[PDB]
file entry_33.cif (mmCIF, N, CA, C and O atoms)
data_target
loop_
_atom_site.label_atom_id
_atom_site.label_comp_id
_atom_site.auth_asym_id
_atom_site.auth_seq_id
_atom_site.Cartn_x
_atom_site.Cartn_y
_atom_site.Cartn_z
N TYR A 264 9.67 2.44 -11.42
CA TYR A 264 9.72 1.38 -12.43
C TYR A 264 8.99 1.75 -13.71
O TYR A 264 8.22 2.71 -13.75
N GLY A 265 9.23 0.98 -14.77
CA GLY A 265 8.49 1.11 -16.01
C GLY A 265 9.10 2.06 -17.02
O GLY A 265 10.29 2.37 -16.98
N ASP A 266 8.26 2.52 -17.95
CA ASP A 266 8.68 3.46 -18.98
C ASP A 266 7.56 4.46 -19.29
O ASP A 266 6.97 4.41 -20.37
N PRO A 267 7.27 5.37 -18.35
CA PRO A 267 6.24 6.39 -18.59
C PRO A 267 6.74 7.41 -19.60
O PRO A 267 7.95 7.58 -19.74
N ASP A 268 5.81 8.09 -20.29
CA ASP A 268 6.15 8.93 -21.43
C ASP A 268 6.95 8.07 -22.40
O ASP A 268 8.15 8.29 -22.60
N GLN A 269 6.27 7.10 -23.00
CA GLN A 269 6.92 6.03 -23.75
C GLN A 269 7.81 6.52 -24.88
O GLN A 269 7.33 6.86 -25.96
N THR A 270 9.12 6.55 -24.62
CA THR A 270 10.10 6.90 -25.63
C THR A 270 11.04 5.72 -25.89
O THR A 270 11.69 5.65 -26.93
N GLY A 271 11.09 4.79 -24.94
CA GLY A 271 11.90 3.60 -25.08
C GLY A 271 13.08 3.53 -24.14
O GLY A 271 14.16 3.06 -24.51
N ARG A 272 12.89 4.01 -22.91
CA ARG A 272 13.94 4.00 -21.90
C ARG A 272 13.42 3.58 -20.53
O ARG A 272 12.60 4.28 -19.93
N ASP A 273 13.89 2.43 -20.04
CA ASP A 273 13.49 1.95 -18.72
C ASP A 273 14.09 2.79 -17.61
O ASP A 273 15.22 3.27 -17.72
N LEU A 274 13.34 2.96 -16.52
CA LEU A 274 13.80 3.76 -15.39
C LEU A 274 14.83 3.01 -14.56
O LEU A 274 15.64 3.62 -13.86
N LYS A 275 14.80 1.68 -14.63
CA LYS A 275 15.79 0.87 -13.93
C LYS A 275 16.98 0.57 -14.83
O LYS A 275 18.03 0.13 -14.37
N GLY A 276 16.81 0.82 -16.13
CA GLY A 276 17.87 0.62 -17.09
C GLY A 276 18.81 1.81 -17.15
O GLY A 276 20.00 1.65 -17.45
N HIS A 277 18.28 2.99 -16.87
CA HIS A 277 19.08 4.21 -16.89
C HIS A 277 19.16 4.82 -15.49
O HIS A 277 19.68 5.92 -15.32
N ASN A 278 18.63 4.09 -14.51
CA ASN A 278 18.62 4.51 -13.11
C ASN A 278 17.86 5.82 -12.87
O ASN A 278 17.92 6.39 -11.78
N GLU A 279 17.13 6.28 -13.87
CA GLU A 279 16.37 7.52 -13.76
C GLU A 279 15.09 7.32 -12.96
O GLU A 279 14.60 6.20 -12.82
N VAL A 280 14.55 8.41 -12.43
CA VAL A 280 13.35 8.35 -11.59
C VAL A 280 12.32 9.37 -12.06
O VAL A 280 12.65 10.53 -12.30
N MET A 281 11.07 8.93 -12.19
CA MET A 281 10.02 9.79 -12.74
C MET A 281 9.27 10.59 -11.68
O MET A 281 9.04 10.11 -10.57
N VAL A 282 8.89 11.82 -12.03
CA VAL A 282 8.10 12.67 -11.16
C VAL A 282 6.78 13.01 -11.85
O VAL A 282 6.77 13.52 -12.96
N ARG A 283 5.67 12.73 -11.17
CA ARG A 283 4.35 12.79 -11.77
C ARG A 283 3.46 13.87 -11.15
O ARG A 283 3.59 14.19 -9.96
N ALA A 284 2.56 14.43 -11.95
CA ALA A 284 1.59 15.41 -11.48
C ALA A 284 0.23 15.21 -12.15
O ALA A 284 -0.19 16.02 -12.97
N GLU A 285 -0.45 14.13 -11.79
CA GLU A 285 -1.74 13.80 -12.38
C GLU A 285 -2.87 14.60 -11.76
O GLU A 285 -2.92 14.78 -10.54
N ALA A 286 -3.79 15.08 -12.59
CA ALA A 286 -4.98 15.77 -12.10
C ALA A 286 -6.07 15.80 -13.15
O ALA A 286 -5.87 16.33 -14.24
N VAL A 287 -7.24 15.24 -12.83
CA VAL A 287 -8.36 15.32 -13.77
C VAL A 287 -9.42 16.30 -13.28
O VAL A 287 -9.91 16.21 -12.14
N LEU A 288 -9.77 17.24 -14.16
CA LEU A 288 -10.66 18.35 -13.83
C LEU A 288 -11.69 18.56 -14.93
O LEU A 288 -11.74 17.81 -15.90
N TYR A 289 -12.53 19.58 -14.77
CA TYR A 289 -13.51 19.93 -15.79
C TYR A 289 -13.71 21.44 -15.87
O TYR A 289 -13.61 22.14 -14.86
N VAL A 290 -14.01 21.94 -17.06
CA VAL A 290 -14.26 23.36 -17.26
C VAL A 290 -15.53 23.58 -18.08
O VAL A 290 -15.60 23.20 -19.24
N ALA A 291 -16.53 24.21 -17.46
CA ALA A 291 -17.80 24.46 -18.13
C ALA A 291 -18.07 25.96 -18.26
O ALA A 291 -17.79 26.73 -17.34
N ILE A 292 -18.61 26.35 -19.41
CA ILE A 292 -18.95 27.74 -19.66
C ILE A 292 -20.43 27.87 -20.03
O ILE A 292 -20.84 27.45 -21.11
N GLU A 293 -21.21 28.45 -19.13
CA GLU A 293 -22.66 28.56 -19.32
C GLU A 293 -23.03 29.46 -20.50
O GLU A 293 -23.80 29.07 -21.37
N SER A 294 -22.48 30.68 -20.51
CA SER A 294 -22.81 31.64 -21.56
C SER A 294 -21.57 32.37 -22.07
O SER A 294 -20.50 32.31 -21.46
N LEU A 295 -21.72 33.07 -23.19
CA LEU A 295 -20.61 33.82 -23.78
C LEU A 295 -21.02 35.25 -24.11
O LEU A 295 -20.19 36.05 -24.57
N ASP A 296 -22.28 35.58 -23.88
CA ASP A 296 -22.78 36.94 -24.08
C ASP A 296 -22.47 37.82 -22.87
O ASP A 296 -22.95 38.95 -22.77
N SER A 297 -21.66 37.29 -21.95
CA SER A 297 -21.41 37.96 -20.68
C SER A 297 -19.93 38.27 -20.45
O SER A 297 -19.56 38.80 -19.41
N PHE A 298 -19.09 37.93 -21.42
CA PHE A 298 -17.65 38.14 -21.28
C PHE A 298 -17.08 39.04 -22.38
O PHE A 298 -17.38 38.87 -23.56
N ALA A 299 -16.25 39.99 -21.97
CA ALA A 299 -15.59 40.89 -22.90
C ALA A 299 -14.08 40.73 -22.81
O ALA A 299 -13.54 40.50 -21.73
N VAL A 300 -13.40 40.84 -23.94
CA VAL A 300 -11.95 40.69 -23.97
C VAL A 300 -11.28 41.92 -24.56
O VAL A 300 -11.92 42.74 -25.22
N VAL A 301 -9.98 42.05 -24.32
CA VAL A 301 -9.22 43.19 -24.81
C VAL A 301 -8.03 42.75 -25.67
O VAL A 301 -6.99 42.36 -25.14
N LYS A 302 -8.18 42.81 -26.99
CA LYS A 302 -7.13 42.37 -27.90
C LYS A 302 -6.35 43.53 -28.49
O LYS A 302 -6.88 44.63 -28.68
N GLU A 303 -5.08 43.29 -28.80
CA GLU A 303 -4.23 44.30 -29.42
C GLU A 303 -4.61 44.51 -30.88
O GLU A 303 -5.21 43.64 -31.51
N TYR B 264 2.75 -1.29 -13.00
CA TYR B 264 3.93 -0.84 -13.72
C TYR B 264 4.30 -1.76 -14.88
O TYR B 264 3.66 -2.79 -15.10
N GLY B 265 5.33 -1.38 -15.62
CA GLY B 265 5.89 -2.21 -16.67
C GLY B 265 5.00 -2.43 -17.88
O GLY B 265 4.08 -1.65 -18.14
N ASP B 266 5.29 -3.49 -18.62
CA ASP B 266 4.52 -3.85 -19.81
C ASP B 266 4.27 -5.35 -19.87
O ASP B 266 4.92 -6.07 -20.64
N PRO B 267 3.32 -5.84 -19.06
CA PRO B 267 3.04 -7.27 -18.91
C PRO B 267 2.52 -7.93 -20.18
O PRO B 267 2.84 -9.09 -20.44
N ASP B 268 1.73 -7.20 -20.97
CA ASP B 268 1.15 -7.76 -22.18
C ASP B 268 2.19 -7.89 -23.29
O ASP B 268 1.98 -8.61 -24.26
N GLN B 269 3.31 -7.18 -23.12
CA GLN B 269 4.40 -7.17 -24.10
C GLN B 269 3.89 -6.77 -25.48
O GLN B 269 4.10 -7.47 -26.47
N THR B 270 3.21 -5.63 -25.53
CA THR B 270 2.74 -5.07 -26.79
C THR B 270 3.34 -3.68 -26.99
O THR B 270 2.90 -2.92 -27.85
N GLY B 271 4.36 -3.38 -26.19
CA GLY B 271 5.01 -2.08 -26.24
C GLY B 271 4.40 -1.11 -25.25
O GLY B 271 5.12 -0.46 -24.49
N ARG B 272 3.08 -1.02 -25.26
CA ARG B 272 2.35 -0.11 -24.37
C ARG B 272 2.62 -0.38 -22.90
O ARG B 272 2.30 -1.46 -22.39
N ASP B 273 3.22 0.59 -22.21
CA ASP B 273 3.49 0.46 -20.79
C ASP B 273 2.26 0.87 -19.99
O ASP B 273 1.33 1.46 -20.53
N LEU B 274 2.27 0.58 -18.69
CA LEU B 274 1.09 0.77 -17.86
C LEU B 274 1.06 2.12 -17.15
O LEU B 274 0.10 2.43 -16.44
N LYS B 275 2.10 2.92 -17.34
CA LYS B 275 2.14 4.24 -16.74
C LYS B 275 2.29 5.31 -17.81
O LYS B 275 2.34 6.50 -17.51
N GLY B 276 2.37 4.87 -19.06
CA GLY B 276 2.42 5.78 -20.19
C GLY B 276 1.07 5.88 -20.88
O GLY B 276 0.89 6.66 -21.81
N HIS B 277 0.13 5.07 -20.41
CA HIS B 277 -1.23 5.08 -20.95
C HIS B 277 -2.25 5.14 -19.82
O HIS B 277 -3.46 5.10 -20.07
N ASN B 278 -1.75 5.25 -18.59
CA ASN B 278 -2.59 5.31 -17.40
C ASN B 278 -3.57 4.14 -17.31
O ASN B 278 -4.78 4.34 -17.18
N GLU B 279 -3.04 2.93 -17.39
CA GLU B 279 -3.86 1.72 -17.35
C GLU B 279 -3.33 0.71 -16.34
O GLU B 279 -2.12 0.49 -16.24
N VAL B 280 -4.24 0.09 -15.60
CA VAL B 280 -3.87 -0.95 -14.64
C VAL B 280 -3.97 -2.31 -15.32
O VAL B 280 -4.54 -2.43 -16.40
N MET B 281 -3.41 -3.34 -14.68
CA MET B 281 -3.49 -4.69 -15.22
C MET B 281 -4.02 -5.65 -14.16
O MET B 281 -3.57 -5.64 -13.02
N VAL B 282 -5.00 -6.46 -14.53
CA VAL B 282 -5.52 -7.47 -13.62
C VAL B 282 -5.15 -8.85 -14.13
O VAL B 282 -5.65 -9.29 -15.16
N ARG B 283 -4.26 -9.54 -13.40
CA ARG B 283 -3.78 -10.83 -13.87
C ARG B 283 -4.02 -11.95 -12.86
O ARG B 283 -4.08 -11.71 -11.66
N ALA B 284 -4.17 -13.16 -13.38
CA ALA B 284 -4.38 -14.34 -12.55
C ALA B 284 -3.57 -15.51 -13.10
O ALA B 284 -3.80 -15.96 -14.23
N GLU B 285 -2.61 -15.98 -12.31
CA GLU B 285 -1.71 -17.03 -12.74
C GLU B 285 -1.78 -18.24 -11.83
O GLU B 285 -1.96 -18.11 -10.62
N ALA B 286 -1.64 -19.42 -12.41
CA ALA B 286 -1.65 -20.66 -11.63
C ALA B 286 -0.74 -21.69 -12.25
O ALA B 286 -0.38 -21.59 -13.42
N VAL B 287 -0.35 -22.70 -11.47
CA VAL B 287 0.44 -23.80 -11.98
C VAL B 287 -0.28 -25.12 -11.71
O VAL B 287 -0.57 -25.44 -10.57
N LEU B 288 -0.58 -25.86 -12.78
CA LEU B 288 -1.35 -27.09 -12.65
C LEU B 288 -0.75 -28.24 -13.44
O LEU B 288 0.09 -28.03 -14.32
N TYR B 289 -1.17 -29.45 -13.11
CA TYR B 289 -0.76 -30.62 -13.90
C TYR B 289 -1.92 -31.58 -14.09
O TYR B 289 -2.80 -31.68 -13.24
N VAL B 290 -1.91 -32.30 -15.21
CA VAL B 290 -2.94 -33.30 -15.50
C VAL B 290 -2.33 -34.61 -15.98
O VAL B 290 -1.73 -34.68 -17.05
N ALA B 291 -2.49 -35.65 -15.17
CA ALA B 291 -1.99 -36.98 -15.51
C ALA B 291 -3.14 -37.97 -15.61
O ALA B 291 -4.09 -37.91 -14.83
N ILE B 292 -3.06 -38.88 -16.58
CA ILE B 292 -4.11 -39.87 -16.78
C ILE B 292 -3.52 -41.28 -16.83
O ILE B 292 -2.73 -41.61 -17.71
N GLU B 293 -3.92 -42.10 -15.86
CA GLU B 293 -3.38 -43.45 -15.71
C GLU B 293 -3.71 -44.34 -16.91
O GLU B 293 -2.92 -45.21 -17.29
N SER B 294 -4.88 -44.12 -17.52
CA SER B 294 -5.30 -44.91 -18.67
C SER B 294 -6.30 -44.16 -19.54
O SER B 294 -6.59 -42.99 -19.31
N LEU B 295 -6.82 -44.84 -20.56
CA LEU B 295 -7.82 -44.26 -21.45
C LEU B 295 -8.96 -45.23 -21.72
O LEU B 295 -10.04 -44.82 -22.14
N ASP B 296 -8.72 -46.51 -21.46
CA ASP B 296 -9.74 -47.53 -21.66
C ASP B 296 -10.74 -47.54 -20.50
O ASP B 296 -11.62 -48.40 -20.44
N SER B 297 -10.60 -46.59 -19.59
CA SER B 297 -11.52 -46.45 -18.46
C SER B 297 -12.36 -45.18 -18.60
O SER B 297 -12.81 -44.62 -17.60
N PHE B 298 -12.56 -44.74 -19.83
CA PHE B 298 -13.36 -43.56 -20.11
C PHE B 298 -14.18 -43.72 -21.39
O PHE B 298 -13.66 -44.11 -22.43
N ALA B 299 -15.47 -43.40 -21.29
CA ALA B 299 -16.37 -43.47 -22.44
C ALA B 299 -16.85 -42.08 -22.83
O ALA B 299 -16.96 -41.19 -21.98
N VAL B 300 -17.12 -41.90 -24.11
CA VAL B 300 -17.52 -40.59 -24.63
C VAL B 300 -18.78 -40.68 -25.48
O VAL B 300 -18.87 -41.50 -26.39
N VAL B 301 -19.76 -39.84 -25.16
CA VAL B 301 -20.98 -39.74 -25.96
C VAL B 301 -20.83 -38.68 -27.05
O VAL B 301 -20.83 -37.48 -26.76
N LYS B 302 -20.69 -39.12 -28.29
CA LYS B 302 -20.49 -38.20 -29.41
C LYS B 302 -21.71 -38.08 -30.30
O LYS B 302 -22.38 -39.07 -30.59
N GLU B 303 -21.99 -36.86 -30.75
CA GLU B 303 -23.11 -36.60 -31.65
C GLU B 303 -22.81 -37.08 -33.06
O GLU B 303 -21.66 -37.07 -33.50
#

call {"tool": "encode", "arguments": {"input": "entry_33.cif", "output": "structure tokens"}}
result
Amino acid sequence: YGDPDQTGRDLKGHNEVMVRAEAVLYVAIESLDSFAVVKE
Amino acid sequence: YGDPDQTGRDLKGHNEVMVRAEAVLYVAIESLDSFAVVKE
């Protein structure tokens, strides 16, 4: 039901069905003097 | 689900729940000369 990803189309109006992948996480970086990268 | 507040914003496109409380009541008054009011 409803209208997720609000564009203006009901799921029961167009008979469409939504598929969801919710996940809340966190990313912390203690220091940056310890990582080296390789750029072109 | 849906958009109960009818402000466009749906409840699965903004990740928000709705808490609602509905009731049906009536108020009838047989008279008015049987009530006094203390006014400032």

call {"tool": "closest_atom_pairs", "arguments": {"input": "entry_33.cif", "of": "chain A", "to": "chain B", "cutoff": "6 Å", "atoms": "only C-alpha atoms", "output": "CSV"}}
result
residue,atom,partner,partner_atom,distance
A:265,CA,B:265,CA,4.3
A:267,CA,B:276,CA,4.2
A:268,CA,B:276,CA,5.0
A:269,CA,B:276,CA,5.7

call {"tool": "axis_aligned_box", "arguments": {"input": "entry_33.cif", "around": "stretch 277-284 of chain B", "padding_each_side": "8 Å", "output": "lines of an AutoDock Vina configuration file"}}
result
center_x = -2.8
center_y = -5.3
center_z = -16.3
size_x = 21.8
size_y = 37.3
size_z = 25.3

call {"tool": "atom_distance", "arguments": {"input": "entry_33.cif", "atom1": "atom CA of residue B:279", "atom2": "atom O of residue A:284"}}
result
15.4 Å

call {"tool": "atom_distance", "arguments": {"input": "entry_33.cif", "atom1": "atom C of residue A:290", "atom2": "atom CA of residue A:303"}}
result
26.2 Å

call {"tool": "atom_distance", "arguments": {"input": "entry_33.cif", "atom1": "atom N of residue B:270", "atom2": "atom O of residue A:288"}}
result
29.4 Å

call {"tool": "decode", "arguments": {"input": "entry_33.cif", "residues": "stretch 265-287 of chain B", "atoms": "N, CA, C and O atoms", "output": "JSON list (two decimals), in the first residue's frame"}}
result
[["chain", "number", "residue", "atom", "x", "y", "z"],
["B", 265, "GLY", "N", 0.08, 4.90, 3.60],
["B", 265, "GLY", "CA", -0.76, 5.96, 3.07],
["B", 265, "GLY", "C", -0.37, 7.37, 3.47],
["B", 265, "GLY", "O", 0.77, 7.63, 3.84],
["B", 266, "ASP", "N", -1.33, 8.29, 3.36],
["B", 266, "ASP", "CA", -1.11, 9.69, 3.71],
["B", 266, "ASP", "C", -2.31, 10.24, 4.49],
["B", 266, "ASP", "O", -3.13, 10.98, 3.94],
["B", 267, "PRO", "N", -2.40, 9.89, 5.78],
["B", 267, "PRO", "CA", -3.54, 10.24, 6.63],
["B", 267, "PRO", "C", -3.70, 11.74, 6.86],
["B", 267, "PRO", "O", -4.83, 12.22, 6.95],
["B", 268, "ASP", "N", -2.59, 12.46, 6.95],
["B", 268, "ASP", "CA", -2.63, 13.90, 7.22],
["B", 268, "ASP", "C", -3.07, 14.67, 5.98],
["B", 268, "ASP", "O", -3.48, 15.83, 6.08],
["B", 269, "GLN", "N", -3.00, 14.02, 4.82],
["B", 269, "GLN", "CA", -3.37, 14.62, 3.54],
["B", 269, "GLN", "C", -2.58, 15.91, 3.30],
["B", 269, "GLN", "O", -3.15, 16.97, 3.04],
["B", 270, "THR", "N", -1.26, 15.81, 3.41],
["B", 270, "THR", "CA", -0.38, 16.93, 3.13],
["B", 270, "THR", "C", 0.58, 16.55, 2.00],
["B", 270, "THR", "O", 1.57, 17.24, 1.76],
["B", 271, "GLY", "N", 0.26, 15.46, 1.32],
["B", 271, "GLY", "CA", 1.10, 14.96, 0.25],
["B", 271, "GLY", "C", 2.09, 13.92, 0.74],
["B", 271, "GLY", "O", 2.22, 12.85, 0.16],
["B", 272, "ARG", "N", 2.79, 14.26, 1.82],
["B", 272, "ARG", "CA", 3.80, 13.38, 2.41],
["B", 272, "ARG", "C", 3.23, 12.03, 2.83],
["B", 272, "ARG", "O", 2.37, 11.96, 3.71],
["B", 273, "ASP", "N", 3.70, 10.96, 2.19],
["B", 273, "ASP", "CA", 3.26, 9.62, 2.54],
["B", 273, "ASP", "C", 4.09, 9.09, 3.71],
["B", 273, "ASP", "O", 5.11, 9.67, 4.07],
["B", 274, "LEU", "N", 3.64, 7.98, 4.29],
["B", 274, "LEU", "CA", 4.24, 7.47, 5.52],
["B", 274, "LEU", "C", 5.34, 6.44, 5.28],
["B", 274, "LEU", "O", 5.96, 5.95, 6.23],
["B", 275, "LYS", "N", 5.58, 6.11, 4.02],
["B", 275, "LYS", "CA", 6.63, 5.16, 3.69],
["B", 275, "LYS", "C", 7.64, 5.79, 2.75],
["B", 275, "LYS", "O", 8.63, 5.16, 2.35],
["B", 276, "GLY", "N", 7.40, 7.05, 2.39],
["B", 276, "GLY", "CA", 8.33, 7.81, 1.58],
["B", 276, "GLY", "C", 9.14, 8.78, 2.43],
["B", 276, "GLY", "O", 10.04, 9.45, 1.93],
["B", 277, "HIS", "N", 8.81, 8.83, 3.71],
["B", 277, "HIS", "CA", 9.52, 9.69, 4.65],
["B", 277, "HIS", "C", 9.90, 8.90, 5.90],
["B", 277, "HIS", "O", 10.46, 9.46, 6.85],
["B", 278, "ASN", "N", 9.58, 7.61, 5.90],
["B", 278, "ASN", "CA", 9.86, 6.72, 7.02],
["B", 278, "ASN", "C", 9.29, 7.24, 8.33],
["B", 278, "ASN", "O", 10.00, 7.38, 9.32],
["B", 279, "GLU", "N", 7.99, 7.52, 8.33],
["B", 279, "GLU", "CA", 7.31, 8.05, 9.51],
["B", 279, "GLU", "C", 6.04, 7.28, 9.83],
["B", 279, "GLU", "O", 5.28, 6.92, 8.94],
["B", 280, "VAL", "N", 5.82, 7.01, 11.11],
["B", 280, "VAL", "CA", 4.61, 6.33, 11.56],
["B", 280, "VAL", "C", 3.55, 7.38, 11.93],
["B", 280, "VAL", "O", 3.86, 8.56, 12.05],
["B", 281, "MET", "N", 2.31, 6.94, 12.09],
["B", 281, "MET", "CA", 1.24, 7.84, 12.49],
["B", 281, "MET", "C", 0.50, 7.29, 13.70],
["B", 281, "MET", "O", 0.14, 6.12, 13.74],
["B", 282, "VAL", "N", 0.30, 8.13, 14.71],
["B", 282, "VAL", "CA", -0.47, 7.72, 15.88],
["B", 282, "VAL", "C", -1.78, 8.49, 15.92],
["B", 282, "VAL", "O", -1.78, 9.70, 16.14],
["B", 283, "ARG", "N", -2.89, 7.79, 15.71],
["B", 283, "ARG", "CA", -4.18, 8.46, 15.63],
["B", 283, "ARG", "C", -5.18, 7.92, 16.64],
["B", 283, "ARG", "O", -5.11, 6.76, 17.04],
["B", 284, "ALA", "N", -6.10, 8.78, 17.05],
["B", 284, "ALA", "CA", -7.15, 8.42, 18.00],
["B", 284, "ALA", "C", -8.47, 9.05, 17.57],
["B", 284, "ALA", "O", -8.60, 10.27, 17.53],
["B", 285, "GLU", "N", -9.43, 8.20, 17.23],
["B", 285, "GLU", "CA", -10.72, 8.66, 16.72],
["B", 285, "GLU", "C", -11.87, 8.19, 17.60],
["B", 285, "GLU", "O", -11.84, 7.09, 18.14],
["B", 286, "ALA", "N", -12.89, 9.03, 17.73],
["B", 286, "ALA", "CA", -14.06, 8.67, 18.51],
["B", 286, "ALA", "C", -15.31, 9.30, 17.91],
["B", 286, "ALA", "O", -15.22, 10.24, 17.14],
["B", 287, "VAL", "N", -16.48, 8.76, 18.27],
["B", 287, "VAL", "CA", -17.74, 9.35, 17.84],
["B", 287, "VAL", "C", -18.59, 9.67, 19.06],
["B", 287, "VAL", "O", -18.90, 8.79, 19.85]]
